[PDB]
Amino acid sequence: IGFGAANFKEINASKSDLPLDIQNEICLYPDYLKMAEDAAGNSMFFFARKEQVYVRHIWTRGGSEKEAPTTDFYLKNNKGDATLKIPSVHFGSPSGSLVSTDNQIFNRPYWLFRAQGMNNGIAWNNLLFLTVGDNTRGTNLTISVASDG
Amino acid sequence: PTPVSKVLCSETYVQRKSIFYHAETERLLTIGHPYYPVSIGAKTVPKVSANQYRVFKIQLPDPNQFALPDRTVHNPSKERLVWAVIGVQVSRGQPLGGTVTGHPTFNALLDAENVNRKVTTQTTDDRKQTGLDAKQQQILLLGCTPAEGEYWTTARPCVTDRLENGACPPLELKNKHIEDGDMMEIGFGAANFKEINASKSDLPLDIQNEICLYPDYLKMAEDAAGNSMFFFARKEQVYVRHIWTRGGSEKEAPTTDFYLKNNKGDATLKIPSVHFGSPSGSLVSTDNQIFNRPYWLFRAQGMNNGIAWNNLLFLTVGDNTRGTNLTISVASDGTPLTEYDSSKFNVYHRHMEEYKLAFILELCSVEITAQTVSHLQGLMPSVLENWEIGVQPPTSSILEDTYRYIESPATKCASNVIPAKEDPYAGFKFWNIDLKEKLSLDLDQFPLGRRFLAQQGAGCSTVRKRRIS
Amino acid sequence: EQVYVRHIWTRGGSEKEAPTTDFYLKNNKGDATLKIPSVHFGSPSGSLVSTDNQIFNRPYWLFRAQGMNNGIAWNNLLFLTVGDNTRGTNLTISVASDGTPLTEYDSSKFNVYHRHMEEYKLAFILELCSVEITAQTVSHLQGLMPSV
Amino acid sequence: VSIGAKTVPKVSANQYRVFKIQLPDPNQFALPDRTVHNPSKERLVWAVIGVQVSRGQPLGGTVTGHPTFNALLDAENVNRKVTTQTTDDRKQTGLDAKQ
Amino acid sequence: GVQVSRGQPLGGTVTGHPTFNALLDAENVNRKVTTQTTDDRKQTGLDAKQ
Amino acid sequence: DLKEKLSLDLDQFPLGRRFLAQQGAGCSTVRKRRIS
Amino acid sequence: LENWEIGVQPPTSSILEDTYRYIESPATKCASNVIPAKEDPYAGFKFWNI
């Protein structure tokens, strides 16, 4: 979701840098490069991906700075301060594109005719791995119970 | 015999053997501050941005110095072997997202708003913290010689003197090649801003003080060789997102024939009237990005259909699509903060880009007939040297004088120092990717091989996962 | 060409013609006739431009014109009318009002300049073509054109 | 614009560049043969087959504005009530081109 | 065959009204709804439905 | 003015190859097919 | 042997060079740079030009 992938646990010591759901948890990503290299190809028979995003707002962190832009970039002003103090990190908020009835990749039978590896779909070890993720379908559900019954 | 005066398309004197190779580079990573080089202690931190043309020099293994198990391989003096690219597949490994850039104190007085209060005379400062989304684009181009870019600079003014101190500089176009750490075009005209922004408030902090290049497609399409680019692709969308106004004093306002004065108003207009927009990239997709898509080159756009002259390749690949910055927050004491302070957490800023390169080169023997040999003189001075066809006079037939213990004082001083010879592209610098060993002959083995044979018809793996819906 | 409204504004001129009482219903303590002008013009909006939408650098092979003249350079002359606001973006500049880099940041020291620059190229694939000069055809041109 | 006694052409992004491509007369040229059209039978001309206008510059959007535009109010529902027009109501206005 | 030709510069159509009837909108940080005054009309812009 | 910057060798220029390409008389066919 | 195009590194036409309009404008660079284009040899001396 919008930010680089990392076990944020060691990157956010502030607790204010992530959306509460994602925080303290590890953000993975598909290392397509690795998958395309394995001789076996066991990693993936085939695969599909559709993802759109774009900036929607632009914000600024609020941490003290250990490295400001040198005087060769920042020109001081009257009654101003020698060095810049307010942090200059500009991360944008990730935006999800409008979703359609046609864009979602599902309910669509995938006929596998030739895999991308030397393994055209052989269930070695009588086992299969299905990695399916999409934030398209999901919408949260609210509720409201009386505090007395 | 030296008759020819016009160029001949490279296919005519180039024989194509039917051999193929697969050159796969191991994944490349680089990380660092998005904006400007940082300096902690006595070491540095390369300013690695998402808006810089990564320019690879893929240096090849000289073909003409290989192994020939047979007599069929070209005769030692009739012909020479080289490389010819057929396929290229630049792979970009990172999570998709949009690129943002800003600046601590930008120069924007006011915007396109109708209910905003009236413009206060400019105060000593009007700068503010500014967000500014990148103007999304993607550029890929393969060739023999480095790609050329264009930009605007200030041309020396004439002796004629009607000059003043604030007088505007004359402008002029200039060419240059594209190196490894150059700037992508983000919304503003291309120029070594260094002489255009004397205010330091006119650019996004990352781009400032650096030169913005651009692809001079016009120039590339004119070179006879075509060495400039074998092929190339570009996709870029942008549009205005806000409209702002500079904050500088004006040396030229609209004459009274345009501006109608008002009661108690002022004779001449004083607040500057420059309206530059801020460009925001269109939403990026999983289909728009031009990568991981093997490019089969069947005919180049020049007389050179992919001949690695000088056993060298130039890959100029730039896109701000993949890039997204990475924030961090370390406690200023080393111990998790018990309470929330504005001083305790130090915000760090690291961003990271990753590539991969894959080529399907083929072997190709150029004949060496008096005529064709000659011909290359005008096509290129340098590749002849690799051939070794040119003569070097037998002057080792001059007896120079060696000495023993050239150190002894009575003996000659031997003060003079030999100077090492320069390389063709040593003044300029760029990422250097060596492929001399990471090259092979088994197409089936690699990713881009099957991808190749598949299209060929000789496939153990055909690229089809037909989906009906 | 694409466009669409992006804001909606109102002129500020006195009105010589307001909507009659059959359209405007008066209110308490209000005024008999409407005085504030009611002109609503929208601001033109240019939508996002692409690498594919722009019509250029794309050789146009002319195979049949739309007139009785399939590309004959009568009078050995051609007219190329080409206009597009797609490429263009303005260029700002800032020179110190004294010639020396500013040590402090003033609103008066840097003079904002304006420079914008446009570049073209033209390429044609003309072919040779001989018109016969028979009494009949010769004549014919009298009414087609006086000058050629 | 006008600095000193010289000018500066107002070069905008919204002006029809109209080229007059003047050609080399095809009728007065060197005929090294006889099959070349007879001197009084016919005349040669030019015929365009291909045209390729190349535009070299970085892509982007065009903006234009004005120091004091005439706009009293807009299509907003929570904006305060319209004050009688003052002596002036003009403001600095941004206005993106209609591509 | 029929070919209706429209000769004019392209653009969007706008329409408004001196005093429209709109009390409030879909905004979350807007102050609380004041009881309707004698009048709540305002000058209204309204782009055509192309 | 184009009175002198006019030639007869189609192969030489950018728009020439671009032309011959379509024609079938090609030293450079306009194809850089991309599959994805 | 030169103009004739018999022996040369590149076609004169193939090379792309700048050219401005209104080169007298102070926005633009001065006319002296005009000398870069190949220069007539007898330019030092002068005579009636027909």
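Residues numbered from 1 in each chain as written, not as in the entry; some residues may be left out. Chains lettered and ligands numbered in written order. Part of a larger assembly, values for the part shown. Heavy atoms only, no water.

Regarding how it was determined, this PDB entry cites cryo-EM in its header, along with a resolution of 4.20 Å.

This part is about the packing of aromatic side chains. For the structure shown, the criterion picks out 29 aromatic pairs over all chains. For the ring pair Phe 56 of chain B and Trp 431 of chain B, a centre distance of 5.4 Å and an interplane angle of 70° mean the geometry is edge-to-face. Separated by 375 residues along the polypeptide, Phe 56 of chain B in strand β5 (residues 54–59) and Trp 431 of chain B in strand β22 (residues 431–434) bring together distant segments of the chain. Across this residue pair, the class does not change: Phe 56 of chain B and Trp 431 of chain B are buried. Considering the side-chain rings of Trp 9 of chain C and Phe 69 of chain D, the 5.9 Å spacing of their centres and the 75° angle between planes classify their relative orientation as edge-to-face. You can see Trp 9 of chain C sitting in strand β1 (residues 4–10) and its partner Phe 69 of chain D sitting in strand β6 (residues 63–69), one on each of two chains. Here the aromatic residues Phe 106, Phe 188, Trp 244 and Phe 276 of chain B are joined through ring pairs into a cluster of three or more. Here the basic side chain of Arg 246 of chain B rests over the ring of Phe 276 of chain B, its NZ or CZ set 3.6 Å away from the ring centre. In this structure, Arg 33 of chain F packs its charged tip against the face of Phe 298 of chain B, placed 5.4 Å from the ring centre. (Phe/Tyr/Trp six-rings, centres within 6.5 Å; stacked < 30°, edge-to-face > 60°. Helix = DSSP H or I, 4+ residues; strand = E, 2+ residues; numbered from the N terminus. Buried < 20%, exposed > 50% of the residue type's maximum accessible area, 1.4 Å probe, protein only. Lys NZ or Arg CZ within 6 Å of the ring centre and 35° of its normal.)

This brings us to the interface of chain C and chain D. Accessible area lost when the parts come together is the quantity often used to give the size of an interface. Taken together, the 66 residues of chain C in the interface contact 57 residues of chain D. Interface area, chain C with chain D, both sides summed: about 6100 Å², of which 57% is carbon and sulfur. For chain C, the biggest contributors to the area lost against chain D are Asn 76, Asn 85 and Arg 87 of chain C; these three give 12% of the whole. Along the contact surface separating chain C from chain D lie four salt bridges. With a closest N to O distance of 3.0 Å, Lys 98 of chain D and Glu 1 of chain C form a salt bridge. The tally of links between chain C and chain D comes to 34 residue pairs in polar contact. When contributions to the side of chain C that touches chain D are tallied by element, the ones reaching two or more residues are β1, β2 (40–45), β3 (60–61), β4 (72–73), β5 (77–82), β8 (120–121) and β9 (124–132) of chain C. Tallying contributions element by element places β9 of chain C first for the side of chain C that touches chain D, with nine residues. (Contact = heavy atoms within 4.5 Å. Buried area = accessible area lost by both parts, 1.4 Å probe. Salt bridge = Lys/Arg side-chain N within 4 Å of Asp/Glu carboxyl O. Polar contact = N/O pair within 3.5 Å; in protein donor to acceptor, adjacent residues only side chain to side chain.)

Taken together, the contact between chain B and chain G spans 17 residues of the former and 16 residues of the latter. Interface area, chain B with chain G, both sides summed: about 1200 Å², of which 43% is carbon and sulfur. If you sort the residues of chain B by the area they bury against chain G, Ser 5, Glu 172 and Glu 222 of chain B come out on top, with a joint share of 34%. The interface formed by chain B and chain G contains one salt bridge. A salt bridge links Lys 29 of chain G to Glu 172 of chain B, with the nearest nitrogen and oxygen atoms 2.8 Å apart.

Moving on: the sheet that holds strand β10 (residues 137–143) of chain B. Residues and elements named next belong to chain B. Taking strand neighbours across the sheet as the criterion, the five strands line up as β13-β10-β18-β5-β22 in an open arrangement whose pairing is mixed. Because the sheet does not close on itself, it has two edges, and the strands there are β13 (231–236) and β22. Taking the axes of each pair of neighbouring strands and ignoring which way they run, one obtains an average angle of 15° across the sheet. Sheet topology places β5 next to β22; four bridges connect them, and they run parallel. Its bridge partner being in β22, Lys 57 is matched across the sheet by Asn 432. (Pairing = 2+ DSSP bridges. Axes fitted to C-alpha atoms, helices over the stretch in contact; angles between N-to-C directions.)

Let's shift gears to the pattern of salt bridges. Scanning the model with the defined rule gives 21 salt bridges over all chains in all. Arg 54 of chain B is the salt-bridge partner of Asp 180 of chain B, the closest N and O atoms lying 3.2 Å from each other. Here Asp 180 of chain B is found in the loop between β12 (172–177) and α1 (217–220), whereas its partner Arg 54 of chain B is found in strand β5, with 126 residues between them in sequence. Among the ionic pairs, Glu 118 of chain C bridges to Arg 55 of chain D, the shortest N-O distance being 2.8 Å. A residue pair is termed interchain when its members come from two chains, as with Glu 118 of chain C in the loop between β7 (110–115) and β8 and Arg 55 of chain D in strand β5 (residues 54–55). Look at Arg 55 of chain D and you get buried, because its relative accessible area is 3%. Taken together, the salt bridges that share partners define one network made up of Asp 31 of chain A together with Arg 27 and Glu 354 of chain B.

Let's shift gears to a nonpolar patch on the surface. On the surface, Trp 111 and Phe 113 of chain A together with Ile 468 of chain B cluster together into a nonpolar patch covering about 360 Å² of accessible area. Counting through the fold element by element, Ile 468 of chain B comes out in the segment after α4 (447–456). (Patch = residues over 30% accessible without salt bridge, like charges linked within 9 Å, V, L, I, M, F, W, Y side chains within 5 Å. Areas by Shrake-Rupley, 256 points an atom, 1.4 Å probe, with all protein chains shown as cover.)

So, on to the nonpolar core. Residues and elements named next belong to chain B. Within the largest apolar cluster, 47 residues are counted, with the highest numbers of intra-cluster contacts made by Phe 56, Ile 58, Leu 142, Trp 309, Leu 315 and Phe 359. Broken down by element, this core gets its largest block of residues, six residues, from strand β6 (residues 79–88). When residues no more than four places from it in sequence are discounted, the contact partners of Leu 142 are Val 85, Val 88, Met 229, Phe 230, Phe 231, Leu 313, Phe 314, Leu 315 and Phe 359. Counting 41 residues, the second largest nonpolar core, distinct from the first, contains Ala 134, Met 184, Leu 203 and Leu 312. (Core = buried A, V, L, I, M, F, W, Y, C linked by side-chain atoms within 4.5 Å.)

All names here are of chain B. Summarising burial for strand β8 (residues 100–106): seven of the seven residues are buried, a large majority. The pairing of β8 with strand β9 (residues 128–133) spans five bridges and is antiparallel. By the bridge assignment, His 103 is partnered in β9 with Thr 130.

Turning our eyes to something else, we now look at α4 of chain B. Residues spaced three or four apart along an α-helix face the same direction, because each turn holds 3.6 residues. All names here are of chain B. With seven of its 10 residues buried, α4 lies for the most part within the structure. Taken together, the buried positions of α4 are occupied by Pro 447, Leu 448, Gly 449, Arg 450, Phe 452, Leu 453 and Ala 454. On its buried side, α4 packs onto β1 (14–24), β6, β16 (295–296), β20 (345–356) and β21 (358–367). Within two residues after α4, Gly 457 carries a phi angle of roughly 120°, on the positive side.

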